[PDB]
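*Asks:* To start, I am sharing the structure in question, which I have written as structure tokens.
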Amino acid sequence: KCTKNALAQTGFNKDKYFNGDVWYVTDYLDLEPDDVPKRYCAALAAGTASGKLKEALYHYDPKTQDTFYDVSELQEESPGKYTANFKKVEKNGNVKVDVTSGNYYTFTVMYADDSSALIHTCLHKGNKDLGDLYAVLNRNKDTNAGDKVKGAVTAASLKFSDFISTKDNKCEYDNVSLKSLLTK
Ligand code: HEM
Ligand SMILES: NCCc1c[nH]cn1
């Protein structure tokens, strides 16, 4: 089950956030981790296309090399708070799983600047919650969390010590497809 009391950034700048660029998940805190251990890689590209906010998502498992993509049309609930109805797609946009009613995620930009961000996500799949997930994002995949996003982690009453770094997971990203999926 997820918390809805996540606080959106005061004076959050949509323009720089939703610029069509890629954000890398450099650290994360899964509050409801799966039973089986999984090395994780994820990146996303939030922008706009044909009049809408769009977000394209990428997950990768270094170990199995399994990869999946999702692209969603975003609905602003409030500045900094968005609901996303996703569809799983091939890297060229061919739909593998259509948009469906109990399938969607919500996120709250808790902190953001030109280079970094702290988001909270709540994944809902099949009318069921997959639990809270907080992620530290960076425009550069090799950059360590700075003092500002860390103060933001503390400010949300979390411990950065409890966050898992993806820096050593031998991650690989497909930025080209991420960006082109933005219009699919
Ligand atoms: C950066 C923000 C992220 C967002 C918005 C996000 C969103 C999602 C979405 C939409 C799905 C559904 C895929 C589909 O079925 O079409 C998914 C699945 C999955 N994600 Fe993420 N994710 C993020 C970060 C990550 C990270 C860092 C991890 C590692 C904890 C993670 C692990 C997984 C796993 C294990 C699945 C399969 C779900 C299941 O267990 O059924 N994701 N994610
Ligand atoms: N507890 C895992 C939920 C999740 C995975 N990806 C995004 N959210």
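If you go along the chain as it appears here, the first residue is 1 and each next one adds 1.
The way this entry was determined, per its header, is X-ray crystallography, 2.0 Å.
Cβ atoms here come from the backbone N, Cα and C positions, even for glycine.
Found this in Swiss-Prot, in case it helps:
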| type | residues | note |
| --- | --- | --- |
| BINDING | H59 | heme binding site |
| DISULFID | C2-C122 | disulfide bond |
| DISULFID | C41-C171 | disulfide bond |
*Asks:* Return the residues near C171 (disulfide bond) by Cβ distance under 8 Å, restricted to its own chain and a separation of at least 6 in sequence.
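*Replies:* Sequence-distant Cβ neighbours: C41, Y60, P62, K141.
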*Asks:* Give me the Cα-Cα distance between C2 (disulfide bond) and the residue listed as 'heme binding site', rounded to a whole Å.
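*Replies:* Distance (Cα to Cα, whole Å): 21 Å.
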*Asks:* List the same-chain residues at least 6 positions away in sequence whose Cβ sits under 8 Å from the Cβ of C122 (disulfide bond), in sequence order, or say none.
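*Replies:* Once residues fewer than 6 apart are set aside, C122 (disulfide bond) is near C2, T3, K4, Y105, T106, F107, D129, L130, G131, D132, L133.
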*Asks:* Once the DSSP letters are reduced so that anything not helix or strand counts as coil, what is the residue listed as 'heme binding site'?
*Replies:* strand
